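Before any comments, here is the structure.
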Amino acid sequence: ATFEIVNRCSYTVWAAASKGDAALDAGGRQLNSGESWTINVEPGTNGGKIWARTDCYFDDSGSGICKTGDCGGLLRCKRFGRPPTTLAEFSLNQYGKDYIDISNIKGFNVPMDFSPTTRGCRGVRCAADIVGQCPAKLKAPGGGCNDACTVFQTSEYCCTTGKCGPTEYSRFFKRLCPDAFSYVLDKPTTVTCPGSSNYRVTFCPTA
Numbered sequence: 001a002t003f004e005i006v007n008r009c010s011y012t013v014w015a016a017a018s019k020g021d022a023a024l025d026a027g028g029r030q031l032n033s034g035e036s037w038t039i040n041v042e043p044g045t046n047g048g049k050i051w052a053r054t055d056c057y058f059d060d061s062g063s064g065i066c067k068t069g070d071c072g073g074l075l076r077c078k079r080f081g082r083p084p085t086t087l088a089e090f091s092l093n094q095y096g097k098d099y100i101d102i103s104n105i106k107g108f109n110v111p112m113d114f115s116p117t118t119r120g121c122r123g124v125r126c127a128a129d130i131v132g133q134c135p136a137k138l139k140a141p142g143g144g145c146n147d148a149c150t151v152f153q154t155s156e157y158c159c160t161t162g163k164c165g166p167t168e169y170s171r172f173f174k175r176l177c178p179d180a181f182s183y184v185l186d187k188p189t190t191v192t193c194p195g196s197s198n199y200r201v202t203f204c205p206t207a
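With the first letter of the sequence shown counted as 1, position 163 gets the number 163 in the deposited numbering; the numbers rise by one all the way through.
The structure is reproduced here in structure tokens:
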């Protein structure tokens, strides 16, 4: 499958793509404002994620640090990033279908649109000003708006037992972005696409 990752933000982002235990394609790249990066993701990929990292510094060897979404200090991510990170999530060719969603379960850093570039399904978007409106207790100093599980580490926010409900914090993310997961047991906003669809992830879709 092809994914085109486009940075429409006015600031540089460092895109990342991983399936948790391995990089997807190169795993990461710098995207200046307006740049597009096309990656190939193997069919059958389950649990892939794409996210943006902000305020990164990397040396010539690809080692450094980002203020949001850092994946163990590497430019080329092999593992998932440190919250807060708005997430584009996907599982491809699962019994003839692709499944995509946007999630705020690990917080929010950059607005995003995740849409197919082929026929058969709709896209999803979370482009509200979540960082600007972020509740005081969830604001991350490095930037972004953390989820409540990352901040408080309780069974209720993290849904550790598998029986949690919505919270004042999850309702904040849900009110601003109804089409993104706001907590682990949220009513699914997953979109089913034909198997082998192609996609575009756009950061800052409303410019």
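Where a beta carbon is used, it is the ideal one built from N, C-alpha and C, also for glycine.
Per DSSP, the unbroken beta strand (DSSP E) holding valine 124 starts and ends at 124-126.
Within the same chain, and ignoring the five residues on either side of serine 155 in sequence, the residues whose Cβ sits closer than 8 Å to its Cβ are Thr161 and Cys164. Cα atoms of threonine 68 and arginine 79: separation of roughly 14 Å, rounded to the nearest angstrom. Residue environment: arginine 175 is assigned as exposed (fewer than 16 neighbouring CB atoms within 10 Å of its CB, all protein chains considered).
In the DSSP assignment, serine 170 falls within the unbroken alpha helix (DSSP H) covering 168-176. For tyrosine 95, no alpha helix (DSSP H) run applies, since DSSP gives it neither H nor E. In this model, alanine 128 and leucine 75 are separated by some 27 Å (Cα to Cα). Sixteen is the threshold: since fewer than 16 other Cβ atoms of the shown chains lie within 10 Å of the Cβ of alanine 207, the residue is exposed. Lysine 139 sits in a strand when the DSSP states are folded into three classes.
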